[PDB]
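Asker: Here is the sequence, then the experimental structure:
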Amino acid sequence: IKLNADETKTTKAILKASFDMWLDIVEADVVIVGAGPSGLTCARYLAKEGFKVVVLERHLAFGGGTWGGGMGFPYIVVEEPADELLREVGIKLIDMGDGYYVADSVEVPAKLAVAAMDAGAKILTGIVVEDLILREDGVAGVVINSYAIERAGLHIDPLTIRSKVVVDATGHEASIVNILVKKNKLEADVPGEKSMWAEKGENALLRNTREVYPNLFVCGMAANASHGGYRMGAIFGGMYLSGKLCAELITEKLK
Amino acid sequence: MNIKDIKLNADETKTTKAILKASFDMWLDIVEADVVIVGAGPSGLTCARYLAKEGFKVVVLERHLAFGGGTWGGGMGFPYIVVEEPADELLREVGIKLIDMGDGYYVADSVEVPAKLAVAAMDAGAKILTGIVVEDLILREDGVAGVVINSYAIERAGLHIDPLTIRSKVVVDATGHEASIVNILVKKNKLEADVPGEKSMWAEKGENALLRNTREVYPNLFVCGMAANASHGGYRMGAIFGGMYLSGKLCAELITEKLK
Amino acid sequence: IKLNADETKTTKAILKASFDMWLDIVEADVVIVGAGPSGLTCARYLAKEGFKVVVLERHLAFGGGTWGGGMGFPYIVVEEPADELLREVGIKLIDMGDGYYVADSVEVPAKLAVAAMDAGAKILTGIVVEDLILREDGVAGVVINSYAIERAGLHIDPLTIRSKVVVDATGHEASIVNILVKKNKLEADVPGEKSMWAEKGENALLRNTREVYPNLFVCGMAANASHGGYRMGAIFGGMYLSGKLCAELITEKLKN
Amino acid sequence: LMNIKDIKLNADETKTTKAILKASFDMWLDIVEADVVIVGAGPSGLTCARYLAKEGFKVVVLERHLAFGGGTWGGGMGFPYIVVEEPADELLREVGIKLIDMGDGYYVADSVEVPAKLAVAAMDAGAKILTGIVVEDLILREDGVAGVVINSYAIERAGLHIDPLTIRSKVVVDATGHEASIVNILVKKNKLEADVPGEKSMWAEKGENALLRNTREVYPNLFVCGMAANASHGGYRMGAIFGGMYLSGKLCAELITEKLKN
Amino acid sequence: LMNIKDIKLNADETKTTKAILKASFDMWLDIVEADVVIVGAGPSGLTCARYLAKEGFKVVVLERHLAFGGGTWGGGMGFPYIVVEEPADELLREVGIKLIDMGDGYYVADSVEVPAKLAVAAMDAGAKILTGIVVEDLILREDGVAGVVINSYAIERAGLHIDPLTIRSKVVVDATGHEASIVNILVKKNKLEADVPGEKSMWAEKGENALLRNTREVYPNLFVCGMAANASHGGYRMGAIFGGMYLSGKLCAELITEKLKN
Amino acid sequence: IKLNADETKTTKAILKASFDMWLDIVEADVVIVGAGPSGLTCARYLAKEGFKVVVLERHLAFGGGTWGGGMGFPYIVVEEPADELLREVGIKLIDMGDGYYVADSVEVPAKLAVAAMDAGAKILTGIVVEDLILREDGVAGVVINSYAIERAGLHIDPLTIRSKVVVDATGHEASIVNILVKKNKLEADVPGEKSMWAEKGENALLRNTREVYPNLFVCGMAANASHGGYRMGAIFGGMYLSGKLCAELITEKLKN
Ligand SMILES: Nc1ncnc2c1ncn2[C@@H]1O[C@H](COP(=O)(O)OP(=O)(O)OC[C@@H](O)[C@@H](O)C(=O)CO)[C@@H](O)[C@H]1O
Ligand SMILES: Nc1ncnc2c1ncn2[C@@H]1O[C@H](COP(=O)(O)OP(=O)(O)OC[C@@H](O)[C@@H](O)C(=O)CO)[C@@H](O)[C@H]1O
Ligand SMILES: Nc1ncnc2c1ncn2[C@@H]1O[C@H](COP(=O)(O)OP(=O)(O)OC[C@@H](O)[C@@H](O)C(=O)CO)[C@@H](O)[C@H]1O
Ligand SMILES: Nc1ncnc2c1ncn2[C@@H]1O[C@H](COP(=O)(O)OP(=O)(O)OC[C@@H](O)[C@@H](O)C(=O)CO)[C@@H](O)[C@H]1O
Ligand SMILES: Nc1ncnc2c1ncn2[C@@H]1O[C@H](COP(=O)(O)OP(=O)(O)OC[C@@H](O)[C@@H](O)C(=O)CO)[C@@H](O)[C@H]1O
Ligand SMILES: Nc1ncnc2c1ncn2[C@@H]1O[C@H](COP(=O)(O)OP(=O)(O)OC[C@@H](O)[C@@H](O)C(=O)CO)[C@@H](O)[C@H]1O
């Protein structure tokens, strides 16, 4: 095989493509912060509904804290009936009894990401949300920068993405909600997660998945961190449901 | 039934035991395999796809917690990678959307690619283990007999802890420009041979050498992707991946032949 | 000598045994956090009593802050009558007068660990307790991860060990009691150790060794740190007695 | 016969501090001359130390880390069991270590139990173990190696420029694992024409069996055992199987006993 | 006599090692009880130490770094001179330090000469200086402060979990500079209802004069001098001018002498 | 007491005096690199002889590796007859027998430094020698920078000090001799110190203290490092004698 490869043609193709993408993407319907299990589920459902969705993830790879499974052991758990949310995306499960299923902790994030992308959602990695955009209305988008710039420690201004809604799906950090409260000196505490009580934790998640400030929703562990809910460890049924519920709430508000 | 109105039954011990139990059946099974591929990059995952379709038992080992290698960042952070005719079929094959940029050049979302390559590999039967470092090789008189493994966490943490092993009929170095498995072989076993490393950039010379350079370099040890060019002093090509995909496929064909 | 050694047989033996240990260990009667002198003493006494005991230690080696003795000088001190707690485990002592004895600071942790293990206690090193498990009842176990993962800085979920009781034997850090208070936003301060007053410190230890929250006990310096007690330096009599007392208190609560 | 909570304990800062000083001071003045210095409190070094001390020699084991044990604790990739094969399993049994039979002459042992019990055996046999102590160099005479140059691990980690002290000995043993760090010091600093090749890749059988052949006096008064032996002679490695380590240590003690009773 | 090159020197490892060990132990066993402990071998602490030792007290100065001197060496922003103003210049002259007159009662001195000569004066007056030694805590009695809890700088930097030793004293002096680290320990660990405010911004005149007022016993048996005094009382700072530092140290010695001859 | 202290007057005095020192110091007779025991002894003797001497030291404090004594134990050893080199500077010694004396490891560097400074030598600390100055003649001085700049990792050009002679007294590093050889691609190896043999080591020091390249002398451990000599540990007699000898050799070469 003769392959025709040229530096300039390669460079320009990347540049050209990246530009059409960037100019288009800086206005969107929904921005999801965090490409974890809850954020990617939310993204799936919103995109199926025809919304223009961007998922932003600080690390170069999506996935959040799924890859390592439980203490390095590469399986994660899902309980009935949230297992359907995995089946529905082609993820193979193993039945371990009593409504408990496991899945390869590398297979899960891959297939959740593909579902999201194939549903229409855009995922940008290597991108840090450092702040929010505000209007009198409430939250109006996100202020973004490059992970590389952040790690490198450089003093460089950001860019923006305007959106109708922002979703904090950043895990136990609840880092977008914290930014809102700290920088805008709101009289409210983000308490953070309590200790482990899997049952209390999993069930609180759905109650705690809501709009916490105008145009700002939380899902996944960010929801329990924001409302002082218990944690559940390497069981993900509530994560997936929270993401879906979050998409339903947003769909309602936005139609 | 309403999604707000769901009772979830979640228990710490049941969760912990399920993960332990499943990890064990996996581990006890996986430590003997037909082929071990080192590196979950574009070449290694392509190779894994083809070998698994052929019914071989394949393990891909990757140091980082996420697969993908150096695809995610695309070109200098700009999140698209290039593929040239006819290697674009190797992407289409796997559901990856391409944009035609002219002259047989296509781009693809640099996040979409590694995801879809990984899914293909896994759906073809290949097992991918991340967070796992190959620190050494296993030898027999025959030649290479498998890999010596440890955890990334242990490595980063700097702890002095012994490894485990995976025996295989074949090992593939798909570790990129590092060519780290070939280097280990040469350095530790004091072989009279130099791993020269990649030359400077000449995309055309580089892309075409890749296929010539994708071969068995020592008994039971194959190289593909940039590891092939690094091992043979070939030029590099930058963020164009047609040769990577073809190298991976070729590497699978060579191994299939040897192993049938 | 011809030795028959094989990679796969070696690997599978390790995996098989570990896998068996793990499935069994994630439910236990008592979890002791910290393989220091107090935690290992507690572990000895509870295991003699037939309880199923796991000691968890973040570092790969047990021992806590015994090894370096005093400012690097490799001897630690024990005072009458706590010296019996060392002799009973085979530790050689040197009489320095006035009811003071010293012991080789390397010999001590080794022999405390052996006693615990031989009494039935299991010691897992390289393991960090990052959180607690709760029920309405009170503390229900511990949330664990690997030291390697922690040092490496990786974002990886934990596993669990359920237990009837948890013991904070983590030294002056009192890190388990702190986790409880901080994360569950309890209205209470963990004051931390006061300055050195060896006599006040040694004697307070026994008063301070107790159940501080349902199913959570403290012993060793964690006890004084939790109750704002004085410290005593490289003298360990109270540490050993605290561990023993802590085992007695737990035995009482748990035998039924 | 009382509530433990009531016991009156007499504890005093000065008495505590002086007891530690006094005892360390006696220990140090005595220890700086010895028959054998073993560098590395790993499985091979501690085994060696057991056997030499039983024989009545004055033995010091030096270990850089605060805890003894070497790379035993983490077992295999974190999984806390190590393997031993027939007949080296007796070297564990004899020290009270419980073994589980896994078949085909393979036994496992709790990776935390092993180093503890090896250390206790050594100490109870008479050996002295000093942790937190780095060997940074050797002492020489025309005769050959004459002891070790020592410093504190704390000082080393802290990066401070501080002179060392010494321990004179008739023999030195490099039991420092794959580093073979004492042999390397000898060669590098004294510009000897010889290469320390380092370990080859894994071949457990070739590796385990070479260990016994490779356990020897490599330079006058300097022995190697454990992985240091295979590293020094370009031998293969064997992973988390320790039968050869234990035998190497024992063999090393036999070779030294022979040389020194002469 | 001869060309130096031909001198026969008798040097032996063991004799060297045992001499150091022997002398250190006599020193350590003696030093762990003292009249006064000064924390910080800076300009104020070393001055204080001079005056207390001249008075016949048994004084130990403890310094974390291997070298004494505090923040004198670098002078002002690296420029190696420090300033002293009339009449505190006599406190330098009296110790042999050469001064250059810059006018208006301002003198400079070589920033390397000063710490050296202050240290020599202290040592020659009888004071003992131990470097490489960190004070991590205080010793208490109902009476008040009863000494210091000490550890090795090496151990601290290395990050090791190792217990300390102690030095009992009638008085402790915090001469640790703007950190006021001993006073802070007292307050933080013993949960005293009092704030250590720390130094204010620069106002050299207000700062220099407050120092003498602020040099006092702040808790029973605990004195402050030097910048620790201003840090403890929220006083202004003065920069690279040291007259008040020297006077503070001297005043501190006078206050202590008074208390202790009672 | 009313003290008159002013920021500007303070700042200007420091600046004024420093600039005067700097403009004068950048030409000197002898530059000694390393304020250790050998370098400071050499400096004493050269300055007594009327030469203009600068000692340069990277760390903010002088002293080299004296302060910590032996493995932290704060005493260093000196053997007959080199003990006179310490008594002559006011250092108190303790007789430990057989011609061995010890001295407080903090007292020694202080008093060596004072002697040097009082003899006329200038000591500049916080100053790194990063390179040499050359002429056809041979070595012509040193290229200097600030320790702070080096540690901070900043890319900043240096300044210079011209001298008739340069002395490498940088200890076992022998860092100035190494710079010469590496950067100027001389066909010669700096072997570095051998292992410990105190007697061989101490005696070789005097033979090894010499001019190794035109205008470049070595003393102290740098001498043994340069010539592959054995080391001797915390015994300093040879260090002191090496420094003195080095001053004698330089005096001879330089008096005319
Ligand atoms: N400011 C930010 N900008 C961009 N990405 C961010 C930012 N902050 C966090 N992230 C990224 O957001 C993602 C969060 O994924 P993560 O997986 O932590 O969130 P989740 O979807 O709620 O699931 C939590 C579970 O993994 C597990 O912990 C659990 O069940 C609790 O016991 C991760 O991939 C982060 O790197
Ligand atoms: N010892 C090891 N153990 C496990 N994984 C390893 C080891 N060494 C390397 N890897 C892993 O190997 C993976 C794949 O590497 P990588 O993605 O570099 O290899 P590739 O498939 O040939 O692709 C090369 C292109 O990305 C690009 O560079 C190019 O076109 C040349 O100009 C990366 O994800 C590494 O983390
Ligand atoms: N979160 C955690 N998970 C696991 N291990 C932990 C955790 N936190 C601490 N540890 C481990 O707990 C152990 C504490 O042992 P440590 O020896 O500090 O505790 P102790 O038994 O009360 O004895 C204290 C004395 O050493 C000394 O301080 C004294 O006499 C007072 O002046 C050490 O070995 C830690 O590594
Ligand atoms: N210069 C030094 N001074 C003091 N201790 C030292 C020095 N250099 C190394 N050590 C210490 O020496 C000890 C060596 O113990 P290590 O366990 O490495 O040596 P070993 O006895 O031969 O056993 C090797 C096995 O762990 C395993 O790896 C195997 O079977 C091969 O695949 C460790 O505890 C080091 O910290
Ligand atoms: N816990 C501790 N243990 C031992 N030494 C300590 C401790 N904490 C601090 N030190 C040491 O104490 C010494 C304090 O010396 P320092 O020089 O800081 O104190 P000073 O005597 O008041 O003089 C201050 C002036 O240098 C100057 O800055 C000024 O005029 C204000 O603008 C320094 O050498 C520290 O390293
Ligand atoms: N490039 C440089 N620029 C400036 N200073 C330097 C440079 N390189 C080294 N130094 C400084 O030079 C000084 C060397 O003093 P050092 O004390 O190492 O040298 P010495 O005077 O020969 O005495 C050696 C003994 O301490 C010890 O080694 C021994 O007897 C064991 O065999 C130290 O104070 C360094 O900081």
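Answerer: Arrived safely. Residues are numbered from 1 along each chain as shown, chains lettered A, B, ... in the order given. Ligands and ions are numbered 1, 2, ... in the order given.

Asker: How many residues are close by the residue of chain A found nearest chain B?
Answerer: Proximity of chain A to chain B (CB to the nearest CB) peaks at residue A:61, 3.3 Å away. All C-beta spots, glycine's among them, are computed from the backbone N, C-alpha and C. When neighbours are defined as other CB atoms under 10 Å in any protein chain shown, residue A:61 has 24 of them.

Asker: what's it in contact with, if anything?
Answerer: By CB atoms under 8 Å, 6 or more residues apart in numbering or on different chains, the residues touching residue A:61 are A:125, B:64, B:65, B:66, B:67, B:68, B:72, B:114.

Asker: What about these, which are in strands?
Answerer: residue A:125 (DSSP state E).

Asker: Closest to ligand 3 out of the contacts of residue A:61?
Answerer: residue B:65 (22.8 Å; CB to the nearest ligand atom).

Asker: Which residue would be the closest one in the stretch 51-200 of chain A to chain F?
Answerer: For the stretch 51-200 of chain A, CB to the nearest CB, closest residue to chain F: residue A:153, 13.3 Å.

Asker: Tell me where chain A has helices.
Answerer: Secondary structure of chain A by DSSP state H: the helices cover A:7-25, A:37-48, A:84-87, A:107-118, A:147-152, A:175-183, A:198-208, A:221-226, A:237-254.

Asker: Redo these as JSON lines? Include distance to chain C.
Answerer: Formatted as JSON lines, the helices of chain A follow (distance: least, CB to the nearest CB, whole Å):
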{"stretch": "helix A:7-25", "distance to chain C": "26"}
{"stretch": "helix A:37-48", "distance to chain C": "11"}
{"stretch": "helix A:84-87", "distance to chain C": "17"}
{"stretch": "helix A:107-118", "distance to chain C": "12"}
{"stretch": "helix A:147-152", "distance to chain C": "13"}
{"stretch": "helix A:175-183", "distance to chain C": "13"}
{"stretch": "helix A:198-208", "distance to chain C": "8"}
{"stretch": "helix A:221-226", "distance to chain C": "10"}
{"stretch": "helix A:237-254", "distance to chain C": "11"}
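
Asker: what's the burial count for the residue of the stretch 51-200 of chain A found nearest ligand 6?
Answerer: Going by CB to the nearest ligand atom, ligand 6 is nearest to residue A:153 of the stretch 51-200 of chain A, at 29.4 Å. Counted with other CB under 10 Å, the neighbours of residue A:153 add up to 6.

Asker: How much space separates it from chain D?
Answerer: Using CB to the nearest CB, to the nearest Å, residue A:153 is found at 24 Å from chain D.

Asker: Likewise for residue A:113?
Answerer: Following CB to the nearest CB, the distance that separates residue A:113 from chain D is 29 Å.

Asker: Tell me, how many residues neighbour that residue?
Answerer: Neighbours of residue A:113 (other CB under 10 Å): 30.

Asker: Surely it touches residue A:35?
Answerer: Yes - if you go by CB atoms under 8 Å, residue A:113 and residue A:35 touch, sitting 7.0 Å apart.

Asker: which neighbours do the two share?
Answerer: What both residue A:113 and residue A:35 touch, as defined by CB under 8 Å, 6+ apart, is the set A:62, A:63, A:123.

Asker: Enumerate every residue touching the second one.
Answerer: By that I understand residue A:63. A:35, A:36, A:109, A:113, B:65, B:66.

Asker: So for stretch A:199-216, what gets flagged as buried?
Answerer: Buried residues in stretch A:199-216, defined by neighbour count with 16 or more other CB atoms under 10 Å in any protein chain shown: A:199-206, A:208-213, A:215-216.

Asker: And the furthest pair within those?
Answerer: The span of those, defined through CB to CB, is set by A:199 and A:215 at 31.9 Å.

Asker: Up against ligand 1, what does chain A have?
Answerer: Chain A comes close to ligand 1 at residues A:33-39, A:56-59, A:64-66, A:128-129, A:169-171, A:173, A:175, A:220-222, A:231-233, A:236, A:239, as judged by CB under 6 Å from any ligand atom.

Asker: among those, which ones are buried?
Answerer: So, by 16+ other CB under 10 Å, the buried ones in those are A:33-39, A:56-59, A:64-66, A:128-129, A:169-171, A:173, A:175, A:220-222, A:231-233, A:236, A:239.

Asker: For the stretch 51-200 of chain A, give the residue positioned nearest to ligand 2.
Answerer: residue A:61 (9.9 Å).

Asker: Not counting its neighbours along the chain, what's nearest that residue?
Answerer: Counting by CB to CB, 6 or more residues apart in numbering or on different chains, residue A:61 lies nearest to residue B:66, which is 3.3 Å off, once chain neighbours are set aside.

Asker: Am I right that residue A:227 is in contact with residue A:208?
Answerer: Yes - judged on CB under 8 Å, residue A:227 makes contact with residue A:208 at a distance of 4.3 Å.
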